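Numbering (UniProt numbering), first residue to last: 90 to 419. Structure first, commentary second.
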Amino acid sequence: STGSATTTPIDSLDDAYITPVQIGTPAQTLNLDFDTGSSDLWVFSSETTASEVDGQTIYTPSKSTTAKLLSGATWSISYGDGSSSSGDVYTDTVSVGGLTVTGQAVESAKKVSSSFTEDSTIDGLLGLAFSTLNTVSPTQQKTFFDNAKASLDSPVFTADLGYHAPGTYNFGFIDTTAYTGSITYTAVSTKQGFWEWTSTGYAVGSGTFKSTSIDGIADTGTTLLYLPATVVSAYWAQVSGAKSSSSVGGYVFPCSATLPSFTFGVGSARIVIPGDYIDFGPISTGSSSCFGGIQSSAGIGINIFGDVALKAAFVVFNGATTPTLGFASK
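Right, here's the structure in full:
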């Protein structure tokens, strides 16, 4: 089997991407944030504290003839950005772009933190990291991909995120028309439960490539590119007026600037992030100070190849017995 679904930026800055997901019978379609950095499929629901729901579409398990309460099961998750949610668990039928999993753990939120409430466009998350990170207790549950894998034509999914435009998540096949050149594959460590890999280096604009190993995670659920302070300083030094602002919480730059590109290495291959991808717009409405899309990972504890990086590539998440990651230009 295969599946193919369009993923759409939630706003004009590509702050996140949503993908429609069918849950239950009859189908209830919710727009989920596909997140290769976590492993829980959770949704706003009829069980969510009312004051914590503001415009989201909710899953109502009582209206699904295939929903079953998973007895005794609860979940609770805290993300790297300080947001959180928790609740109970149902199993139900879940379909993405024509690919159907029966008996999928659907984690129903009773509580969500303010940043989830405040974002009316995201109805929940669909985790695509390794199932070892799943938070369901006392019986850990499998991700959508893990449940689908055996039935897929090939045990892979691909992320093709657009810049200020829709893109695609495919399951079970590689669309050879969706990229240019070849896909370069690189090793993955699953020891932390993430799609963790090692970039071979970087370049700033038209500058020379610096060969240096940068370990980090391929994370569709993180907006920006978080890299070591040395690398980030080298980038922003090429933008006149750019500075790190502790009050704002990262590098800012004059909105009048033309940003240089940023290149990262995948083996001997190179992915080029155009400068415009690195502009996240005014820090507050009306400001002429703009927020940078490349930020320091210092004190995150990990480097994160988030949407800023991933959207410059066609990315293969190969979930074979020994997983790997593939990157192509597009």
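We treat Cβ as the ideally placed atom computed from N, Cα and C, and that holds for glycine.
For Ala-409 and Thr-347, the gap between their C-alpha atoms comes out near 42 Å. Within the stretch 232 to 285, the complete beta strand (DSSP E) runs of at least 3 residues fall at 245 to 249, 256 to 260 and 273 to 276.
As computed with DSSP, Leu-214 is found in a beta bridge with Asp-122 and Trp-131.
Taking C-beta atoms as the reference points, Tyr-258 and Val-405 fail to come closer than 9 Å.
A distance below 6 Å between beta-carbons, with the five flanking residues on each side excluded, links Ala-267 to the following residues of its chain, in chain order: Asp-249 and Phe-403. The straight-line gap separating the alpha-carbon atoms of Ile-389 and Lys-419 is approximately 30 Å.
By the neighbour-count criterion, in which a residue is buried when 16 or more other Cβ atoms sit within 10 angstroms of its Cβ, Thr-312 is buried. Collapsing the DSSP output to three states places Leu-414 in a strand. Around the beta carbon of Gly-330, a 10 Å sphere encloses fewer than 16 other beta carbons of the protein chains shown; the residue is thus reported as exposed. The residue among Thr-189, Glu-207, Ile-166 and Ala-218 with its C-alpha nearest the C-alpha of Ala-198 is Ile-166. Residue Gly-370 holds the alpha-carbon nearest to the alpha-carbon of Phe-342 among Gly-370, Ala-417, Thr-352 and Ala-116. From the listed residues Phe-283, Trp-284, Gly-282 and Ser-300, the smallest Cα separation to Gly-290 is found for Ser-300. When rounded, the separation of the alpha-carbon atoms in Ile-147 and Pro-227 is 25 Å. Non-local C-beta neighbours of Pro-363 in its own chain, meaning closer than 6 Å and more than five positions away in sequence, comprise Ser-350, ordered along the chain.
Residue pairing by DSSP places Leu-316 opposite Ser-385 in a beta bridge. Ranked by Cα distance from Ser-378, the first of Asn-236, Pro-244, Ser-334 and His-253 is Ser-334.
Within the same chain, and ignoring the five residues on either side of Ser-386 in sequence, the residues whose Cβ sits closer than 7 Å to its Cβ are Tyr-315, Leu-316, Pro-317, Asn-392 and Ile-393.
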